[PDB]
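Taking it in order: structure first as structure tokens, then the write-up.
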Amino acid sequence: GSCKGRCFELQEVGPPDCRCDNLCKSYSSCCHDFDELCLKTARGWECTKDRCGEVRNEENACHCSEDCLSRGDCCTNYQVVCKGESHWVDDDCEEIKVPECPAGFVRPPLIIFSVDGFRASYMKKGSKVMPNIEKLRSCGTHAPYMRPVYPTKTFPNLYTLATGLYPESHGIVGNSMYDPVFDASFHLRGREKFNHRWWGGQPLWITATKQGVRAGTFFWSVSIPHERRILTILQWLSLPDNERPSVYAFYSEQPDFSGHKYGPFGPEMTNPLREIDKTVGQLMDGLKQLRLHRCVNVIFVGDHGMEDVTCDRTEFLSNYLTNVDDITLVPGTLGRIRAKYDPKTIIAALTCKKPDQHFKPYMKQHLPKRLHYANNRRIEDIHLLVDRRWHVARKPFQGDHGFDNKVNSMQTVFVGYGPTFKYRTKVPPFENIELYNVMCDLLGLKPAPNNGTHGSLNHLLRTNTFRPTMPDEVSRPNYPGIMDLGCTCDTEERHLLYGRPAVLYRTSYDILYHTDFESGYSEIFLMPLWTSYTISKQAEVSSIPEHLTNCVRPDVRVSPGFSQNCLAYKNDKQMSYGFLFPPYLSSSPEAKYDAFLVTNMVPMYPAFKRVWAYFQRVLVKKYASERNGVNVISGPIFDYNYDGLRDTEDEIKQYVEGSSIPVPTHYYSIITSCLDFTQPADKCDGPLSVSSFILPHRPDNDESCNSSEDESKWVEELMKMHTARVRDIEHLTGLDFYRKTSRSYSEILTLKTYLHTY
Ligand SMILES: *[C@@H]1O[C@H](CO)[C@@H](O[C@@H]2O[C@H](CO)[C@@H](O[C@@H]3O[C@H](CO)[C@@H](O)[C@H](O)[C@@H]3O)[C@H](O)[C@H]2NC(C)=O)[C@H](O)[C@H]1NC(C)=O
Ligand SMILES: *[B-](O)(O)c1ccc(COc2ccc(/C=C3\SC(=O)N(Cc4ccc(F)cc4)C3=O)cc2)cc1
Ligand SMILES: [Ca+2]
Ligand SMILES: [Zn+2]
Ligand SMILES: [Zn+2]
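Residue numbering for the sequence shown is 56 to 395, 402 to 457, 470 to 556, 563 to 569, 591 to 858, as defined by the deposited numbering.
Quick look at the structure:
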């Protein structure tokens, strides 16, 4: 029942025997002698010139005796003060090609240095403010910024880094949450958070343990100081080969605490940032002292940013809502409403009431698809998006975080230093869901199913272990020739520049050729899955004639039993039709007749037509003149169950009144051109440029408060909000793009993960 020769033990003991680990403090199960044996304060954490050459006393924190090197308990500045050597930061920058680890090391260890609320723009401060951080940034691999996950809070973000999944999948959807099945509530302060029922998926420490790789403790008790944490890691690295782990983690509550109080632009922010660098300095000098400085791989990462938020700028529900006393709300930078009733009337009372209104109400299903925040029992149906610098409350500090993940102030940091990372290079910004696959590859582990694209971060490391491959095509297409119904009317490698998309599921479809476009018509869903066309900068927009307004002509390649009809839309009081290829952008008046075919017809509400027509008539040509030619691929999306994955025929819930024509939930479009704007889209030499969208198929424009005004005032702003990656479209459609290219497959995977933020 003592902690003698058991301090910070990797194995968990009891019950009922008292524990001597770095987690016992939170569970309140440590021995009485734990505080005396394991935690030592005496004579500080710094070795002085007058302390050099001393006799070992078993009461002091860190030792300054000659016999400390053989043990592994010297102070961080022992070799600098006593031996008379230089600090790691003062030494010149030298290349690390091969890991300089001692004999007996199977794999080079990884240390994760996570900092709370470190805004990406703090790095812009001088080298004299943060000298140890500026060396790691300039010598190793670094990115200007890193995108966090929504909500931009501590708990959903840190657990995302450890699993590689979205919060809707891992279970931790926020710092404060309620589960209807368990009938219990998860909070920041309480003993409920300690239960294993809330935490899902497979974290990094389990993945290592299951594959015969020893993993140290990730969670630290609040009472354990920053200096003692750095000392414990350096003590664990001196243990024998059969005892010492291969992965360690460090956590810091700052600069988040001093950021919430003073604000991101406050002059008081300089000093807490200086202490962070001092802790980094202690670790690097410690690694140099143990001669492990050219062996270990180190990561400096964050979780979210910081924005100027005050008491004066707050929106109250009592100024909008009917009762308010009968409801429950998760307040602050986001809003979630539930009962203690009709949700139809609650949204209606919150829609564009005040002119300068600083919040938008949503149903979890109608949120921008890029957020990935709906499919979970813990996520409330009524959701509220809050504007930057603002707060939301039920009824009646200089900083806060938790807003949209595309907000500039919410962006975080990333620095990769070690023998596996690239030397003196800079990489473009990436998303935090991609880290789990890199950490797994750095330790030589097989990752569990996660939401990352394996191979998209291969440009970061000098020596890659994983090589990505293309998925095989499941369904092969048909090439039909030639062979009522209420409808009346009075080179092909130029349109598909990057190869035809492959179908990854069991279906029956056929390819169709036209002078201005090319498509993949599905006989199961009676409409195409995609349509490809190219528009140059020289091209001009043509007007839609009067005699060809209600013109729909039958297709001779497709059977009448596997095609749409004009009678279905005539009988449907709420539905109308549109076209995937714009008739406005035709080569000749004869070629305009191809655009009005029944195989190019798609179901669209009259309210959505305002958005789709402005994009086709005005916006497409605008992009072609700026980007020097563009390549467009557009089609439909069905996602009723809101799981972000392609719906089966049994999962379709809406059809055109009296028929078997399905109604899409969303409409996608991919715009590709050459990265070198001096070159045209059809004559590209090197890399490409991309921008995509996932527009919702809504029967009203209530999302746009200025929808009463002309299209040139509200349309483009809506498209920017509903921006998406190529990978997002791929999950909702089951298609695989960019097949035939003169580029590397790794370059394609990076392009498929790009998000245009504007
Ligand atoms: C992001 O990644 C997660 C994990 O890889 C994806 O979730 C997994 O997908 C399926 C369907 O949602 C889940 O259930 C499975 O269903 C079949 C039905 O035939 C059944 O045999 C099993 O019950 C099977 O497990 C699976 O449990 C689930 N895992 C987790 C942890 O959620 C998710 O769909 C991805 N999101 C994207 C790509 O947007
Ligand atoms: B934030 O909103 O600014 C915020 C909210 C609450 C708090 C409360 O204080 C703590 C203190 C410690 C921790 C530690 C955690 S949470 C977690 O998942 N892990 C495990 C881990 C995952 C990934 C990783 F890289 C390292 C560790 C912890 O150790 C949370 C909140 C503070 C800030
Ligand atoms: Ca689905
Ligand atoms: Zn945080
Ligand atoms: Zn915080």
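Heads up, the beta-carbon is just placed ideally off N, CA and C, and yes, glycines get one too.
Check your understanding: Over what stretch of residues does the alpha helix (DSSP H) that includes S725 continue unbroken?
Key -> 720-727
Review point. With a cut-off of 8 angstroms, do at least 3 Cβ pairs link the region 179-198 to the region 330-337?
Key: As far as the Cβ criterion goes, the region 179-198 touches the region 330-337, which means the pair count is three or higher.
Item checked: CA-to-CA distance, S276 to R162, given in whole angstroms -> 29 angstroms
Quiz item: In chain order, which continuous runs of the beta strand (DSSP E) of length 3 or greater are located wholly inside the region 138-221?
Solution: Segments of the beta strand (DSSP E) lying fully in the region 138-221: 165-171.
Taking the beta strand (DSSP E) that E282 falls in, what are its first and last residues? In this chain, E282 is not harboured by any beta strand (DSSP E); it is covered by the alpha helix (DSSP H) spanning 281-291.
- Task: Below 6 angstroms CB to CB, which residues in the same chain sit around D76 once its five sequence neighbours on both sides are set aside?
- Result: If we look at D76 and ignore the five residues flanking it on each side, its Cβ neighbours are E64.
**OP:** Please look up how many angstroms separate the CB atoms of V698 and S663, rounded, as I've assumed it's under 8 angstroms.
**Re:** 5 angstroms
ask   = Residues in its own chain within less than 8 angstroms of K95 by CB, not counting five upstream and five downstream?
value = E114, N115, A116
| message | According to DSSP, is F312 part of a helix, a strand, or is it coil? | response | Of the three classes helix, strand and coil, the one that applies to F312 here is helix, per DSSP.
Cα-Cα separation between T765 and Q426, rounded to whole angstroms: 10 angstroms
(Q) Taking the straight line between their C-alpha atoms, what separation do you get for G336 and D448? (A) 38 angstroms
Note to self: Starting from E91, trace the alpha helix (DSSP H) in both directions and tell me its first and last residue.
What the structure shows: Here the alpha helix (DSSP H) through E91 covers 89-92.
**Sub-8 angstroms separation of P429 and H822 beta-carbons** = yes
Q) Under a Cβ-count criterion, where at least 16 other Cβ atoms within 10 Å of its own Cβ denotes burial, should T287 be classed as buried or exposed? A) buried
- prompt: Can you tell me whether residue 399 is buried or exposed, with buried defined as 16 or more other CB within 10 angstroms of its CB?
  reply: Absent from the coordinates is residue 399, which sits in the stretch where the chain moves from 395 straight to 402.
| task | If I'm right that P422 touches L445 with Cβ under 8 angstroms, what's the distance once you round it to whole angstroms? | result | 6 angstroms
Quiz item: Going by C-alpha distance, which of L292, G267, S636 is nearest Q779?
Solution: With distances taken between Cα atoms, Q779 lies closest to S636.
*Three CB pairs or more closer than 8 angstroms across the region 689-696 and the region 650-657*: In short, these stretches touch, since the Cβ pair count reaches three.
ask   = Roughly how many angstroms separate the alpha carbons of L289 and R61, rounded to a whole number?
value = 16 angstroms
Beta-carbon gap between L597 and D785 smaller than 8 angstroms
no
Taking 8 angstroms as the threshold (C-beta atoms), are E593 and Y609 in contact? Against a cut-off of 8 angstroms, the Cβ pair of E593 and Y609 comes out as no contact.
From this set, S313, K265, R269, which residue's C-alpha is nearest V170's C-alpha? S313
* To do: Report yes or no: do the region 726-735 and the region 755-775 share at least 3 C-beta pairs separated by less than 8 angstroms?
  => Contact holds: three or more Cβ-Cβ distances are below 8 angstroms.
**Asked** Buried or exposed: which applies to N481, given that a residue is buried once 16 or more other Cβ atoms fall within 10 Å of its Cβ?
**Response** exposed
Q. Can you tell which of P322, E809, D88, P71 has its C-alpha closest to the C-alpha of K59?
A. Taking only the C-alpha atoms, the option nearest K59 is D88.
- prompt: For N352, does the three-state DSSP call read helix, strand or coil?
  reply: strand
With DSSP run on the structure shown, which of helix, strand or coil describes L445?
strand
Quiz item: Just reading off the beta strand (DSSP E) that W630 is part of, what are its end residues?
Solution: 627-635
(message) Measuring only from the beta carbon, is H242 closer than 7 angstroms to any heavy atom that is part of ligand 5?
(response) no
ask   = Pick from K208, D750, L849: whose alpha carbon is nearest that of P787?
value = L849
So if I measure from each beta-carbon to every heavy atom of ligand 1 and keep distances below 7 angstroms, which residues remain?
Matched residues: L220, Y221, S224, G255, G256, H433, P522, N523, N524, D743, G744, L745, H831.
Check: Can you tell me whether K456 is buried or exposed, with buried defined as 16 or more other CB within 10 angstroms of its CB?
Finding: By the neighbour-count rule (16 or more Cβ atoms within 10 Å), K456 is not buried but exposed.
Relative to ligand 2, is the shortest distance from any of its heavy atoms to the C-beta of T209 smaller than 7 angstroms? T209: yes, Cβ under 7 angstroms from ligand 2.
Comparing the CB of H359 with every heavy atom of ligand 4, is any distance shorter than 7 angstroms?
yes
* Asked: Measuring CA to CA, which of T542, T615, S760, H474 is closest to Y205?
  -> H474
**Prompt:** By DSSP, does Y306 sit in helix, in strand, or in coil?
**Reply:** strand
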